[PDB]
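What follows is a single chain, given as structure tokens, in the form deposited in one PDB entry.
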């Protein structure tokens, strides 16, 4: 359902700005919302809306997404829904908290040179570098977000570092650009049947049987871990994404360890990549595991 008394935000109280992500039919825009949260307070927000080319079907899909985000609720590691513009005579707009640093994939890749496994040096004390603690922390935060989302009976279907955002104080948030990404222009999406699917993140039961579950999200999570500990590299490097790739993956062929991983983190990847979906760990198990890794790290 949609409770307008709670979620409806007047279009006039929203000041639209620069594009944040653009698709063919959808887009995410930066905006200035007046009193969306705390009474009479300006706040930077990100708005998802449709663009030229979009049809009634994309409009329907955007309303479903808004209703799903309403149903989800608040969690520190899930992008937070602030409101919506659903009234006639204007476009449908889904408003969320702004995440300053953008997607995790671009962010890690940009900071790849500023990576030091451990900050042991006394001179390095006052420098904003990426450490193994930071990477384990992001991995653990995504798992807490995915555990929360699992408890809400949701399935993501496109978990990847491109769908993780970085906010202030190293807080990561799960998101879904969806229509705000041009998948027909994007290389992470490969043509399979009548659609463009994120093949490199998909579990084998999804590539062949089109079966999406919380455990197939765990597989994607394993691929996301590879993205994190590769510092934003593209999965399966040098591999042609075709029928031979799909065949080998079902047989048990896995990715090699990324250049910045710890043996245990690659083991956690391998566990997430177990062929049988029931044998892959749960998000609740990954929270405790990654939580222990972060406590041992200190």
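Positions refer to the first chain, counted from 1. Here the rigid core means the biggest group of C-alpha atoms that line up within 1.5 Å when the two forms are laid on top of each other.
One more form of this protein, deposited in another entry, exists but is not displayed; see below.
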Practice task
For residue 70, decide whether the Cα shift between the shown form and the other one is 2 Å or greater, given a superposition on the rigid core.
Solution key: no
Practice task
Could you tell me whether the Cα atom of residue 44 shifts by at least 2 Å between the shown form and the other one after core superposition?
Solution key: no
Exercise for the section: Once the core is aligned, please say if the CA of residue 54 is shifted by at least 2 angstroms between the shown form and the other one. Expected result: yes
Exercise for the section: Check residue 108 against residue 126 at the C-alpha atoms and report closer or farther in the other form, compared with the shown form; the change is 3 Å or more. Expected result: closer
Practice task
Classify the change in Cα distance between residue 106 and residue 53 in the other form as closer or farther, relative to the shown form (magnitude of 3 Å or more).
Solution key: farther
